[PDB]
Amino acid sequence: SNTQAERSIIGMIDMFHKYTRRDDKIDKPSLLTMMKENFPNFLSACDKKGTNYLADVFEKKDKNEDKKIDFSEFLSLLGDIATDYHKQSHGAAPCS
């Protein structure tokens, strides 16, 4: 009964919960695992352009520097990845 858009949002929440600890936040090795498992094609397009996105993603997105990614920070990471795909739809190179 859910639409594709509702299923995508529920799916992204359920993906976040594969990787959280008991405080409902994701630690650094779990974030990097999450990226490799769920965004491998995005990560390959970055590598091809000489960008290792996992080198700095945790430090970039851990805004409050508590060394965990909470849901708000995870949504900011998904916004960055979406922004990259949106710019590619307008003719930008991947990972720009």
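Numbers follow the displayed sequence, beginning with 1.
Student: Per the entry, where is the mean C-alpha temperature factor higher: 42-50 or 64-72?
Tutor: Averaged over C-alpha atoms, the B-factors run higher in 42-50.
Student: Would 2-10 or 87-95 have the larger average of its C-alpha temperature factors, as given in the entry?
Tutor: Comparing 2-10 with 87-95, the higher mean C-alpha B-factor belongs to 87-95.
Student: Based on the deposited C-alpha B factors for this chain, I'd like to know if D80 is in the lowest, middle or highest third.
Tutor: For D80, whose C-alpha B-factor we compare with every modelled residue in the chain, the answer is the lowest third.
Student: Select lowest, middle or highest to describe the third in which the CA B-factor of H17 falls within its chain in this entry.
Tutor: Lowest third, going by the recorded CA B-factors of the chain.
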